[PDB]
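Colleague: What follows is a single structure, and I will ask about it in a moment.
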């Protein structure tokens, strides 16, 4: 019943070419979890724990939560971890999906493992995203930093384009978080 | 960076 019920740990090492043996896909820049591509059997240097399977969602690297980050950030975390690499993953299916916007829509019970992971994934997405809003600029705010200040029409285009990972209203104004860029 | 109270309410 729980989103995190099938989370497992796979301990791997770098293959003889220094790589992981699988490509990382998704990332917040596609509105997605980081998740694994095709796991070629024999390209992963397994160490302990459980095996990796294709298209599982990558949650943590050496106990650093990475879901909600770009692929840039995820690989940057990987690069600063010495072997062995402890990966926490979950297979997609049922309630578990790589789509970040839909995962942020889910209503979990406050205090649940599911809820705590959702807030962790929000903070990560917030690290490199600047929110957008239709309210007017207030004194002291830096456009492009505290907010992107856009009109209602522009906010509706971003929403209709699927650019927003999260949307809401407060005192008759629009707030949202756009997908981060690849830079 | 971190979101204000207003943004957090809007969600």
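Colleague: Per-residue ellipticity at 222 nm for chain A, helices alone: DSSP H runs ≥ 4 residues times -39500 (n - 2.57), over residue total, nearest 500 deg cm²/dmol?
Modeller: Numbers: 4 runs with 39 residues, N = 183.
It lands at -6000 deg cm²/dmol.
Colleague: Separation between the residue A:112 and residue A:54 pseudo-spin-labels, each 7 Å from Cα along Cα→Cβ, expressed in nm?
Modeller: The modelled label-to-label distance comes out at 3.1 nm.
Colleague: Provide a whole-number value for the mean count of partner chain Cβ atoms within 10 Å of the Cβ atoms in peptide A:97-103. Walk me through the numbers before you get to the answer.
Modeller: On the way: counts 0, 0, 0, 0, 0, 0, 0.
Mean inter-chain Cβ contacts per residue within 10 Å come to 0.
Colleague: Testing the spin-label approximation: label points 7 Å from Cα along Cα→Cβ at residue A:47 and residue A:119. State their distance in nm.
Modeller: 3.1
Colleague: Let me have the relative contact order for chain A, percent, based on Cα pairs under 8 Å that are six or more residues apart.
Modeller: The value is 21 percent.
Colleague: On to the next question. Could you calculate the contour length gain from residue A:172 to residue A:64, that is, 0.36 nm times the residue separation minus the distance between their Cα atoms, to one decimal place in nm? All intermediate terms of the calculation are to be shown ahead of the outcome.
Modeller: On the way: separation 108, 0.36 × 108 = 38.88 nm, distance 3.75 nm.
Between residue A:172 and residue A:64, full extension yields 35.1 nm more.
Colleague: Would you mind giving the mean number of other chain beta-carbons within 10 Å of the Cβ of each residue in A:168-176, as a whole number?
Modeller: Counting other chains' Cβ atoms within 10 Å and averaging over A:168-176 gives 4.
Colleague: For residue A:153 and residue A:82, compute 0.36 nm times the residue count separating them, minus their Cα-Cα distance, and round to one decimal in nm.
Modeller: Stretched fully, the residue A:153-residue A:82 segment lengthens by 20.7 nm.
Colleague: Next question, about the same structure. Once you average over the residues of A:150-157, how many Cβ atoms of partner chains fall within 10 Å of each Cβ? Each step should come with its number before you reach the end.
Modeller: Numbers: counts 0, 0, 0, 0, 0, 0, 0, 0.
Mean number of neighbouring Cβ atoms from other chains: 0.
Colleague: Just to be sure I understand: with springs between alpha-carbon atoms less than 10 Å apart, which residue in A:145, A:61, A:130 has the highest mean-square fluctuation in the Gaussian network model of chain A?
Modeller: A:145
Colleague: Please arrange A:50, A:10 by how many other C-beta atoms lie within 10 Å of their C-beta, fewest to most.
Modeller: A:50, A:10
Colleague: Which order, highest average first, do A:170-181, A:97-108 follow once you tally other Cβ atoms within 10 Å for each residue and take the mean per peptide?
Modeller: Packing proxy ranking, top to bottom: A:170-181, A:97-108.
Colleague: What do you get for the angle between helix A:113-127 and the principal long axis of chain A? Use alpha-carbon atoms, 0 to 90 degrees, nearest ten.
Modeller: Tilt of helix A:113-127: around 70 degrees.
All Cβ positions, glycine included, derive from the backbone under ideal geometry; neighbour counts span all protein chains shown. Bear in mind that the values in this text are calculations on the coordinates, not laboratory data.
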